[PDB]
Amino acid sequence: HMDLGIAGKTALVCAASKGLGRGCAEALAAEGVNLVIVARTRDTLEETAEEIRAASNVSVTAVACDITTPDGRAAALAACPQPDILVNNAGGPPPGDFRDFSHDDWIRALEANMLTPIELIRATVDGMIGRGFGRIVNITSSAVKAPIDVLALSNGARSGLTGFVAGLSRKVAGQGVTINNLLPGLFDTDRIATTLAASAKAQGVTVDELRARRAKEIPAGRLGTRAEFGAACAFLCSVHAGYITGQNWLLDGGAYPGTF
């Protein structure tokens, strides 16, 4: 079986008490990576930390903070000053029409889903370079490959992060650091349960009916799972992915129709 070669390393995993971030944390812990996990809500984060500790043989430190604020980033970096692995993630922006998005709505989305990842990279990449090993994985969205009609804030902010990452990945590649993006299609998380319920109500169908329709519309016929998302993250973080950088890995069951 495949030794990812990262046992004993340390990962800062953002926005990881639930969903895709949690799947990444669990996958890294299963490969022996010590974790600092961040989310805003203490009780949920502490329960996730307990669950990961019990199922793995690694240290798990929970930091309850808002990763999109200076104080939150300072708290995360105080707990994890020199990570080998950084998984960037935060809550996504709200849906709507851009006629309703103030300058401050745009700034909030840019801060959460573009500038916060850039700042955490700025704070951690030189330590990785100095050690000759680093892995940075940004959780973005299929929206960067095909815009989502109601998510202009994501289409914009996450494409901005993607362009920045394209440049930085190539600049730091000679020092054993890779920077890649993981782009989820439709994944079976609590966030999607909330979205589907609101969409089903607006459409006059049941949420179970809408979920089944959305699954059938995806070529694979199902939603993605946090476990398989985390497995791809773990592979990117491994000693077997050192020649992969600046890449946008789309996990979507074939939903995006572009050849590239």
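One-based numbering along the sequence shown.
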Review point. 137 to 145 versus 81 to 89: which one carries the higher mean Cα B factor per the record?
Key: 81 to 89
Exercise for review: Would you mind comparing 50 to 58 and 32 to 40 for me and telling me which has the higher average C-alpha temperature factor in the entry?
Suggested key: 50 to 58
Exercise for review: Tell me, please, which of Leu223, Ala234, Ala227, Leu196 has the highest C-alpha B factor according to the deposited entry?
Suggested key: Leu196
Practice item. Just say lowest, middle or highest third for the CA B-factor of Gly156 relative to the other modelled residues in its chain. Key: lowest
**Study point:** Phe101, C-alpha B-factor rank within chain (lowest, middle or highest third)
**Key:** highest
Exercise for review: Looking at the entry's B-factor column for C-alpha atoms only, identify whether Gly5 ranks in the lowest, middle or highest third of its chain.
Suggested key: highest
Exercise for review: Could you look up the Cα B-factor of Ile218 in the entry and say which third of the chain it sits in: lowest, middle or highest?
Suggested key: middle
**Study point:** Record-listed C-alpha B factor of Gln175: chain third
**Key:** highest
